[PDB]
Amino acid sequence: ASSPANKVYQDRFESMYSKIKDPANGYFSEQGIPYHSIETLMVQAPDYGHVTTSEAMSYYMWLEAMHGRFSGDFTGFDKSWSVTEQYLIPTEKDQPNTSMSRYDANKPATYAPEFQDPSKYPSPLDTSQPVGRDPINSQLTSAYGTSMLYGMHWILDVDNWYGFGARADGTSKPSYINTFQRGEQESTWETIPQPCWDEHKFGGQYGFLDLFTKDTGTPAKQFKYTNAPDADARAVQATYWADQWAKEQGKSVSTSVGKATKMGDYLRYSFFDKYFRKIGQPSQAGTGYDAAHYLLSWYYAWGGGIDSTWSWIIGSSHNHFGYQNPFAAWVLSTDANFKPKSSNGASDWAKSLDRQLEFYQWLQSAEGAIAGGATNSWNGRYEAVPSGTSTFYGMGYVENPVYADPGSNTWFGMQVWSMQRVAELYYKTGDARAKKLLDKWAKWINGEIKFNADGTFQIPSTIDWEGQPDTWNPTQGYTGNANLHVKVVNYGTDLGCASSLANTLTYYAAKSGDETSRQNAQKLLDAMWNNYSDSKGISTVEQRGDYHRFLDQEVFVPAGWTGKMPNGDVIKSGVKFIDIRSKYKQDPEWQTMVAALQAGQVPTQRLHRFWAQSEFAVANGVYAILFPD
């Protein structure tokens, strides 16, 4: 039987769970897939409220796992995995073996440069630039008997709002789509949504392919998917807890553990440089593992021909601390129940755990917050690293890895999402490296939490950075990085971040015994429950300062390129964000949003983000278990 839990916080979790699963609240589609948010007019990472992401699916797993802990019923957890495998992990029909089996581990893909402005795309493929060797593909095909990859594609058009349908039929749902393709300056507002399965049926003469890639020949019909490593790692994290809590009650989630383990085996593709170039010596093609940084990079992607047989796979050269997950690495490298079937699966994850913890430490600022990350490909073209730039195993430090509109590390959220995982590791193992990191980080954040007399509160929202960490010397260790400073630009009341923060402080307090962290975690949970609860969970009114981009953001389209979206919207030079998403004008909130912009005001919204609601629910559960009295 499981240990007794705090009755008050357990009830709060159950209440949230009921609101989230309540059919009348609309968090899920008819097919059982959770939406990014109840509200449809939503632009953040995705550009429509009813698309879904792998991040959401992993939070759904975490939620159901906790429900199993308190109810003894894990059928919901197994169902979250069933929905994931059926709809977010490309099936045999979505990534045909005929093409995947033609993959050449000695020539994974063809080099394509990255540019700092979307106007430079399409990017020209260059067969003469070196590409390294993929050392794990043989391990995976031998272990699983297939050339298909088992990982979640990151974004899904749940109700086929864009109209691409499934495998170009234009009518089926859900629909595999993608957005980002053109460099660090292409924000959510500057993309051209495209189908993952491109048969040239929609868009331009050759679909949407020649908007991004340029080659000598004619663009072939092809499919392509992109993984979000932090999402897949969270799936492993959540499944571990589901397994632990299931066994404490004589229950089993064996089938799900097997899927989580397989996913973690394939997740190793994120450990490699985009084009398998040697880490620290980007101009040279890798010979195998010398191209592995062992960190959870921003993505790994793969694709292949539809009407011709060929395939490719790429890792990623850019690393952000926010995507790391030391807990998942500990699970996959030490727990016998989660040991990957591949020959080197567990050992690679063992190396990743150590490398990840060094990464966090190297990036810890003088104050305690964690800095951006590093890259093995300067400017995304393997250019020379500017002299005087600090390095980590040969990779140059970057303040805002991967994207700059806005800066990828200017949002407080990355701090809690990532440190929450370090707190789980510290709690389970008491690891000294995790302790050192948390003691200083927790001291920093506890001094940045502000509680008001009316029961409301504020935490860091937008942050900025100055300087850089000292070059990492494995034998020297943490120098203290006296020249690396974080700056809190402004505060806010982001309920999702606050929930993640409470979670982090709870695990840390439980292990360290730090009372300051424990009471702050409880005050956050109480404040949110007592002051921000509504019939659908929790929420607050927030300003949407970037919404002016709905109408004033021009979308770049190559000269002479013309095409049409499924609903007829014309794609040509000069269009704005709204011009290629005209269906948005039918949204219930549209007139309200436009009215505000016309009056020169900042639009405001009351949003119910699925991950935020789940975060809050899980945080209540965690407190209930670690502090029963």
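Residue numbers run from 1 along the displayed sequence.
On average, are the C-alpha B-factors higher in 239-247 or in 156-164? Mean CA B-factor is higher for 239-247.
Take the C-alpha B-factors listed in the entry for 324-332 and for 339-347, compute each mean, and give the stretch with the larger one. Here the higher of the two C-alpha B-factor means belongs to 339-347.
Select one of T179, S408, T504, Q281: the residue whose C-alpha shows the highest B-factor in the crystal structure entry. Of the candidates given, the C-alpha B-factor peaks at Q281.
C-alpha B-factor winner, where the candidates are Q601, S37, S582, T53: When the deposited C-alpha B-factors of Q601, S37, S582, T53 are compared, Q601 is largest.
Where does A617 sit by CA temperature factor within its chain: lowest, middle or highest third? As the PDB entry reports it, the C-alpha B-factor of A617 lands in the lowest third of its chain.
Record-listed C-alpha B factor of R544: chain third: CA B-factor rank for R544: highest third.
Considering only modelled residues of the same chain, in which third does the CA B-factor of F610 rank: lowest, middle or highest? For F610, whose C-alpha B-factor we compare with every modelled residue in the chain, the answer is the lowest third.
Going by the recorded CA B-factors, say which third of the chain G49 sits in, lowest, middle or highest. CA B-factor rank for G49: lowest third.
Using the temperature factors of the C-alpha atoms in this entry, rank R421 within its chain: lowest, middle or highest third. Lowest third.
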